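Taking it in order: structure first as C-alpha cells, then the write-up.
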Amino acid sequence: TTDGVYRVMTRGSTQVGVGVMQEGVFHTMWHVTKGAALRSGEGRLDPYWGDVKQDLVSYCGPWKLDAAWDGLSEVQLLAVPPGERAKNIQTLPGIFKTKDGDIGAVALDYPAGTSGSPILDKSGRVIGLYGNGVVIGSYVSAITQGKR
Amino acid sequence: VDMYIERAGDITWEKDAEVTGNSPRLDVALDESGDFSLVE
C-alpha cells in the first residue's frame with residue numbers, strides 16, 4: 001500500500017507491466033492487467049475504475065493522478081524494465097496532435113513489461129503513464145493521464 | 001493466473017539522469033479500442 005512504483009508480475013514468473021501507488025490507489029494501464037484482480041502480499045487489490053479507450057485502470061479507489069506536462073519542459077520516464085532496477089530517463093516530449101487536442105509523447109522504446117511506468121515532471125508529480133503509442137520504426141508513447 | 005505486484009522504488013526526479021530521445025510532432029487519431037494511428 002506504500003506509495004511508489006511497482007512491478008506487475010504474473011505466474012515461472014514474468015513482468016507484464018508497471019504501475020503507481022499513490023494515496024492508497026494503484027494506477028496502471030488497462031492493457032497490462034485487463035482489469036484482473038492483483039495480489040499484494042497477502043492482500044487483494046480489486047479494480048475500481050477502468051476505461052479501454054484511455055487504456056487506464058485504478059484499483060482500490062478512483063484515479064488520483066492529475067498533473068500534466070507543461071508543454072515546454074523536459075520530463076523523466078521512471079522506467080522499471082524487467083530484471084532491472086528502476087531508473088530515470090530524461091527527455092523532451094514531442095506531441096501527438098489530435099482532433100481533440102495535443103498530448104505529450106515520449107520517443108523512448110523500452111521492453112513491453114515497462115508499460116505503466118510513470119512519467120514525471122520536475123516536481124516529481126506523475127504526469128502520465130508510458131506504454132500506449134504509435135510507430136513511426138521507432139515507438140513513440142503517449143503521456144497518458146487520467147482524470148481526477 | 002496469479003497476477004501480483006512488487007515495490008520497485010520511490011517516485012522521484014533524479015538530477016543525474018541519462019538524457020535521450022527526440023521530440024516528434026505527429027498527427028494521430030485515437031479509436032474506440034484505445035489504439036493510436038497516424039493520420040495524414
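Residues are referred to by chain and number: the chain letter is A, B, ... according to the order shown in the C-alpha cells, the number counts from 1 in that chain, and ligands are numbered separately from 1 in the order shown.
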
(message) If we count only C-alpha atoms and set the cut-off at 10 Å, which residues sit around residue 30 (chain B), ignoring sequence neighbours fewer than 4 positions away in its own chain? Please answer as a ChimeraX atom specification.
(response) /A:53-54,98-100,133 /B:34-39

(message) Quick check: residues of chain A within 6 Å of chain B, only C-alpha atoms, returned as a PyMOL selection string.
(response) chain A and resi 4-11+38-40+52-55+88-98+107+124+133-134

(request) Any chance you could list, as a ChimeraX atom specification, the residues in chain B that come up strand (DSSP E or B) when DSSP is run on the backbone? (result) /B:3-9,18-19,25-30,36-38

(request) Kindly indicate which residue among A:82, A:1, A:112, A:75 lies nearest to residue 42 (chain A), using only C-alpha atoms for the distances. (result)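 When distances to residue 42 (chain A) are compared using only C-alpha atoms, the smallest one comes from A:1.
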
(message) List the spatial neighbours of residue 66 (chain A) as an NGL selection string - criterion: any atom at most 12 Å away, only C-alpha atoms, same-chain residues fewer than 3 positions off excluded.
(response) :A and (22 or 27 or 62-63 or 69 or 120-121 or 125-129 or 144-148)

Keeping only C-alpha atoms, write those residues as a PDB file, in the first residue's frame.
ATOM      1  CA  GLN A  22      -0.476   6.908  -4.661  1.00  0.00           C
ATOM      2  CA  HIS A  27      -2.726   3.019 -11.181  1.00  0.00           C
ATOM      3  CA  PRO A  62     -10.638   6.430  -8.080  1.00  0.00           C
ATOM      4  CA  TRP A  63      -7.825   7.700 -10.287  1.00  0.00           C
ATOM      5  CA  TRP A  69       3.003  18.174 -18.946  1.00  0.00           C
ATOM      6  CA  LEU A 120       7.337  12.680 -14.048  1.00  0.00           C
ATOM      7  CA  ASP A 121       7.616  16.443 -14.117  1.00  0.00           C
ATOM      8  CA  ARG A 125       4.486  14.553  -9.874  1.00  0.00           C
ATOM      9  CA  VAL A 126       3.221  11.821 -12.213  1.00  0.00           C
ATOM     10  CA  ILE A 127       2.054  13.489 -15.446  1.00  0.00           C
ATOM     11  CA  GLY A 128       1.034  10.207 -17.066  1.00  0.00           C
ATOM     12  CA  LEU A 129       1.925   6.599 -17.776  1.00  0.00           C
ATOM     13  CA  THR A 144      -1.367   9.000 -20.874  1.00  0.00           C
ATOM     14  CA  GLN A 145      -3.069  10.742 -17.939  1.00  0.00           C
ATOM     15  CA  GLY A 146      -6.461  10.056 -16.355  1.00  0.00           C
ATOM     16  CA  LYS A 147      -8.994  12.345 -14.732  1.00  0.00           C
ATOM     17  CA  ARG A 148      -9.216  13.119 -11.026  1.00  0.00           C
TER      18      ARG A 148
END

(request) From region 17-146 of chain A, collect each residue whose DSSP state is helix (DSSP H, G or I) and return the set as an NGL selection string. (result) :A and (30-33 or 112-114)

Please produce a file of the residues just selected, as an mmCIF file, in the first residue's frame, where the atoms kept are C-alpha atoms.
data_model
loop_
_atom_site.group_PDB
_atom_site.id
_atom_site.type_symbol
_atom_site.label_atom_id
_atom_site.label_comp_id
_atom_site.auth_asym_id
_atom_site.auth_seq_id
_atom_site.Cartn_x
_atom_site.Cartn_y
_atom_site.Cartn_z
ATOM 1 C CA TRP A 30 -5.694 -1.354 -18.842
ATOM 2 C CA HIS A 31 -3.787 -3.479 -21.381
ATOM 3 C CA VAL A 32 -1.379 -4.578 -18.628
ATOM 4 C CA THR A 33 -3.959 -6.256 -16.367
ATOM 5 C CA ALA A 112 6.848 -4.212 -23.166
ATOM 6 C CA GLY A 113 6.989 -5.131 -19.473
ATOM 7 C CA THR A 114 7.798 -1.475 -18.832
#

(message) Here is a test: counting only C-alpha atoms, which residue of A:123, A:115, A:141, A:15 is nearest to residue 83 (chain A)?
(response)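 Looking at the shortest contact to residue 83 (chain A), the residue is A:15.
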
Spatial neighbours of residue 24 (chain A), 9 Å, only C-alpha atoms, chain gap at least 4 places, as a PDB file with N, CA and C atoms, in the first residue's frame:
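File around_19.pdb, as written:
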ATOM      1  N   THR A   1       0.832  -1.204   0.000  1.00  0.00           N
ATOM      2  CA  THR A   1       0.000   0.000   0.000  1.00  0.00           C
ATOM      3  C   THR A   1       0.872   1.263   0.000  1.00  0.00           C
ATOM      4  N   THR A   2       2.157   1.093   0.310  1.00  0.00           N
ATOM      5  CA  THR A   2       3.103   2.202   0.317  1.00  0.00           C
ATOM      6  C   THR A   2       3.166   2.879  -1.044  1.00  0.00           C
ATOM      7  N   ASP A   3       3.239   4.210  -1.025  1.00  0.00           N
ATOM      8  CA  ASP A   3       3.429   4.954  -2.258  1.00  0.00           C
ATOM      9  C   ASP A   3       4.666   4.440  -2.968  1.00  0.00           C
ATOM     10  N   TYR A  59      -7.156   0.709  -9.039  1.00  0.00           N
ATOM     11  CA  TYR A  59      -7.528  -0.296  -8.055  1.00  0.00           C
ATOM     12  C   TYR A  59      -7.680   0.378  -6.703  1.00  0.00           C
ATOM     13  N   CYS A  60      -8.699  -0.042  -5.943  1.00  0.00           N
ATOM     14  CA  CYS A  60      -8.909   0.312  -4.542  1.00  0.00           C
ATOM     15  C   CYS A  60      -9.609   1.655  -4.400  1.00  0.00           C
ATOM     16  N   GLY A  61      -9.676   2.453  -5.451  1.00  0.00           N
ATOM     17  CA  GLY A  61     -10.273   3.761  -5.408  1.00  0.00           C
ATOM     18  C   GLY A  61     -10.160   4.452  -6.746  1.00  0.00           C
TER      19      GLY A  61
END

(message) Please report the interatomic distance between CA of residue 40 (chain B) and CA of residue 135 (chain A) in Å with one decimal.
(response) 14.2 Å

(message) Ranking A:136, A:142, A:45, A:72 by minimum distance to residue 105 (chain A) and counting only C-alpha atoms, which one comes first?
(response) A:142

(request) Work out how far CA of residue 78 (chain A) is from CA of residue 119 (chain A), in Å to one decimal. (result)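 Spanning CA of residue 119 (chain A) to CA of residue 78 (chain A) is a straight-line distance of 6.0 Å.
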
(request) To one decimal in Å, tell me the separation between CA of residue 44 (chain A) and CA of residue 21 (chain A). (result)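 CA of residue 44 (chain A) sits 14.1 Å away from CA of residue 21 (chain A).
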
(request) Kindly indicate which residue among A:20, A:79, A:36, A:86 lies nearest to residue 65 (chain A), using only C-alpha atoms for the distances. (result)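 Counting only C-alpha atoms, the residue closest to residue 65 (chain A) is A:20.
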